[PDB]
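Step one of this worksheet: look at the structure below.
Values in this text are rule-based calculations from the coordinates and carry no lab data. For neighbour counting, all protein chains shown are included, and Cβ atoms are generated from backbone atoms with ideal geometry for every residue, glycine included.
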Amino acid sequence: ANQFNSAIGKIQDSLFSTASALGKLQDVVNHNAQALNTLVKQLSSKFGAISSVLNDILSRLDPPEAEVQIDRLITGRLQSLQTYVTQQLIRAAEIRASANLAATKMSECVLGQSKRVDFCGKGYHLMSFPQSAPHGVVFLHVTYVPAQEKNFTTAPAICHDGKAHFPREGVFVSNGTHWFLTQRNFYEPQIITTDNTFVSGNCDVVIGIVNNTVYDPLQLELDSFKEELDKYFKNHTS
Amino acid sequence: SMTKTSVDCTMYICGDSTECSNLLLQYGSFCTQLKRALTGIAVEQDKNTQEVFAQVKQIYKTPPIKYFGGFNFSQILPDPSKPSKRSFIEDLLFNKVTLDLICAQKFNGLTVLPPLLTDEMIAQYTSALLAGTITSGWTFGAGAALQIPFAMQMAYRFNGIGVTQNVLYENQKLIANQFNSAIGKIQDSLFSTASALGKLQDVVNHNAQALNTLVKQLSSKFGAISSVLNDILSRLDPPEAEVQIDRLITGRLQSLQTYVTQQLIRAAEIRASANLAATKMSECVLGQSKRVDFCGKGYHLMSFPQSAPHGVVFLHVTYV
Amino acid sequence: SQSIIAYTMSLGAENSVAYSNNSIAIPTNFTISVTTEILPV
Ligand SMILES: *[C@@H]1O[C@H](CO[C@@H]2O[C@@H](C)[C@@H](O)[C@@H](O)[C@@H]2O)[C@@H](O[C@@H]2O[C@H](CO)[C@@H](O)[C@H](O)[C@H]2NC(C)=O)[C@H](O)[C@H]1NC(C)=O
Ligand SMILES: *[C@@H]1O[C@H](CO)[C@@H](O[C@@H]2O[C@H](CO)[C@@H](O)[C@H](O)[C@H]2NC(C)=O)[C@H](O)[C@H]1NC(C)=O
Ligand SMILES: *[C@@H]1O[C@H](CO)[C@@H](O[C@@H]2O[C@H](CO)[C@@H](O)[C@H](O)[C@H]2NC(C)=O)[C@H](O)[C@H]1NC(C)=O
Ligand SMILES: *[C@@H]1O[C@H](CO)[C@@H](O[C@@H]2O[C@H](CO)[C@@H](O)[C@H](O)[C@H]2NC(C)=O)[C@H](O)[C@H]1NC(C)=O
Ligand SMILES: *[C@@H]1O[C@H](CO)[C@@H](O)[C@H](O)[C@H]1NC(C)=O
Ligand SMILES: *[C@@H]1O[C@H](CO)[C@@H](O)[C@H](O)[C@H]1NC(C)=O
């Protein structure tokens, strides 16, 4: 909880200080404004006519002579409009791709937990939270990152009684003297036992199999119970 | 990625002609737009490469001893006895896919910008991804790289596809031999069976065709007396010359606009392809994918990247 | 005094994973990381 609170408190700084992203939304706004400005600035080009103002041409010429200038202006402005609309269509295709990606991220990072690597942030995705931004969305991805790794000796299998034992879920580790079974993403060593291992074949197949003791809880419990039974017997029989 | 190009309107349309440039000023900011679009395309190409390949925090190296449980990675590991430490497969790819027409294009305002990452840096990135994925598994993609023996990593992956790891440990030599046979057949089936590897060549061919057509449209009169600006300027007074100059300006403006629009559409397609390649690098190379047919046909075990001219090659190792 | 300099790109730090026949690195801690992804809609 404390680590999450620290990270969510650093978000309010790193969102606007480290930059990186948040330039995509501003870039969208700037591209739209640039397109509109260029479209309305193309109205000042004569395109070969005597003037760029329709009222001027209409006032300074008879219709037969005016149509030539009017047609030059029509051709230029038609071209400008066509260019604007084509660029808008290409940009809208790009934005639709981005919005489809954002919808998939909302479905798979916010509404669930994702196993896809780096889809919902760097690390093992825990959850995600949405925030709305001008013309877009922001995903706060909460992920799990392993921190303090340590060396261990490891074996693929353990040989105990001429049988090979494999971890049910985990790895065999050794600090140098003893062998434990640990989960692969967090060092929580446990005694190797018939409960957390399964037997498959003999020890002559696996390359790298090591000798160690696999403890049977049934046998140990039976021996401990038989010790108490022997004490209870000797209480009155002997 | 695809080739970054830069076009000079004044040189392409009114090459070193002052009268034509003064007439071209009357069409507004069409060339500011064309230049801006091309610059966006080029910056996007560099972005595409960066997103696909710069996916490793560090440049991981394999240890000097190249034993990985019996597996033959030599044909995909870097070759230090070379100027660029490209692998065997990477060098085969770069030799098969190969990038006067070029001089003539360069002679009228049409230049080609070099990519920001050289082939040596792309090869370095691919080598770092390979070393990370074979010396640490999928741990380097989610934090610091944690070393693990390759057989035990393969047992992890067998567990990930639903097979118990004793099946790998008791068939380790057979699995290694099958992998070595398949990775040895890759060097033939990559250039003999064809199928793909035509996409990169198609990209190169489309770019070259676009540039050739753009520079060949300079020979069209578009209704003028001649297609050479110097000829028109030498054979006519200015008042009579402006008509031919304007016909040529209109035709060449149209050709440039068509080139830039086609480039924008193609760059959109290539950006989609590069986003797909980046997702494949994240989910097939940096981890093990449960998505069906995303990382090859079969139950995905692992994947290995190789760099190719203007693209990437994924060797998907799957269980069938 | 500051000045404009040119250089070759560094692709990142140089790391050699201590791969061995029987060595494994296991994490003993963890970090909760909240990252941000901005997407135009
Ligand atoms: C793993 O153990 C086997 C079997 O040895 C038995 O179990 C041991 C735990 C210990 O209690 C031994 O005294 C037991 O005999 C080892 O195989 C033995 O290898 C030695 C040396 O080559 C040989 O003289 C014995 O005859 C072998 N015993 C059998 C039953 O084949 C094996 O070497 C041990 N593995 C490792 C990696 O040391
Ligand atoms: C890991 O173990 C393998 C064998 O299981 C070692 O490979 C052998 O190395 C020795 C010298 O160290 C050579 O004489 C053998 O020919 C090698 N065998 C094979 C099959 O290649 C390997 O050196 C060990 N160490 C590391 C760091 O991988
Ligand atoms: C790993 O692969 C390489 C190449 O695929 C093998 O090297 C070949 O070895 C044979 C047998 O000596 C030679 O005839 C070939 O010329 C070698 N090829 C090359 C390209 O050098 C290598 O033997 C394999 N390693 C193992 C341990 O099997
Ligand atoms: C796991 O990591 C956490 C986070 O770094 C460690 O908690 C820190 O412990 C130090 C030493 O007591 C304190 O000064 C810090 O304030 C703690 N941080 C937080 C956020 O509480 C923790 O000790 C680590 N666990 C182990 C076993 O090493
Ligand atoms: C694991 O061992 C290698 C070899 O000594 C060492 O370089 C590396 O730092 C170790 N890793 C940790 C986390 O201690
Ligand atoms: C390995 O861990 C066990 C469990 O605490 C301990 O008894 C043993 O001494 C440890 N070995 C070393 C070398 O620290």
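When we screen A:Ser200, A:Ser128, A:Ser174 for residues that are of a type in the set (S, T, N, Q), within 11 Å of another protein chain (Cβ to nearest Cβ) and within 31 Å of the chain's Cα centre (by Cα), the only hit is A:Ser128. The conditions of being within 14 Å of chain C (Cβ to nearest Cβ), at negative phi, surrounded by 15 or more Cβ atoms within 10 Å (Cβ to Cβ) and out of contact with any helix residue (DSSP H, G or I) (no Cβ under 7 Å at 6 or more places or on another chain) are not met by B:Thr133. Only residues that are crowded, with 18+ Cβ neighbours inside 10 Å and either closer than 25 Å to B:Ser87 by Cβ or away from chain A (no Cβ under 14 Å) (or both) were counted in the stretch B:165-185, giving 5. A count restricted to the stretch B:266-293 and to residues that are part of a loop (DSSP other than H, G, I, E, B) and crowded, with 16+ Cβ neighbours inside 10 Å stands at 4.
Can A:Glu188 be described as among the acidic types (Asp, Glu), within 13 Å of chain C (Cβ to nearest Cβ) and more than 16 Å from ligand 2 (Cβ to nearest atom)? When the stated conditions are applied, A:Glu188 passes them.
Answer yes or no: is there a residue in the stretch C:2-10 that is away from ligand 6 (no atom under 16 Å from the Cβ), closer than 16 Å to A:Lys150 by Cα and either of a type outside the set (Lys, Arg) or more than 17 Å from the chain's Cα centre (by Cα) (or both). No - not one qualifying residue is present in the stretch C:2-10.
Report whether or not C:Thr35 is polar (S, T, N, Q), surrounded by 12 or more Cβ atoms within 10 Å (Cβ to Cβ), under 30 Å from A:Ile95 (Cα atoms) and within 7 Å of another protein chain (Cβ to nearest Cβ). Considered against the rule, which asks whether it is polar (S, T, N, Q), surrounded by 12 or more Cβ atoms within 10 Å (Cβ to Cβ), under 30 Å from A:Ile95 (Cα atoms) and within 7 Å of another protein chain (Cβ to nearest Cβ), C:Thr35 comes out as yes.
Taking the conditions exactly as written (in contact with a strand residue (DSSP E or B) (Cβ under 9 Å, 6 or more places away or on another chain) and more than 16 Å from ligand 1 (Cβ to nearest atom)), does A:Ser98 satisfy them or not? Criteria met by A:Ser98.
If you check B:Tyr156 against the conditions, is it in a helix (DSSP H, G or I), out of contact with any helix residue (DSSP H, G or I) (no Cβ under 6 Å at 6 or more places or on another chain) and either within 16 Å of ligand 2 (Cβ to nearest atom) or more than 10 Å from chain C (Cβ to nearest Cβ) (or both)?
yes
The criterion of being part of a loop (DSSP other than H, G, I, E, B) and buried (at least 16 other Cβ atoms within 10 Å of the Cβ) holds for C:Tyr19. Looking across the stretch B:106-129, the residues that are surrounded by fewer than 23 Cβ atoms within 10 Å (Cβ to Cβ), out of contact with any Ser or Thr (no Cβ under 8 Å at 6 or more places or on another chain) and not in a loop (DSSP other than H, G, I, E, B) come down to B:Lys106, B:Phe107, B:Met121, B:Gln124. Taking residues in the stretch A:166-183 that are within 16 Å of ligand 1 (Cβ to nearest atom), and partners anywhere that are in a loop (DSSP other than H, G, I, E, B), the pairs with Cβ atoms closer than 8 Å and at least 6 places apart or on different chains are A:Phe172/A:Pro156; A:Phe172/A:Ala157; A:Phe172/A:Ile192; A:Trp179/A:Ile192; A:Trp179/A:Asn212.
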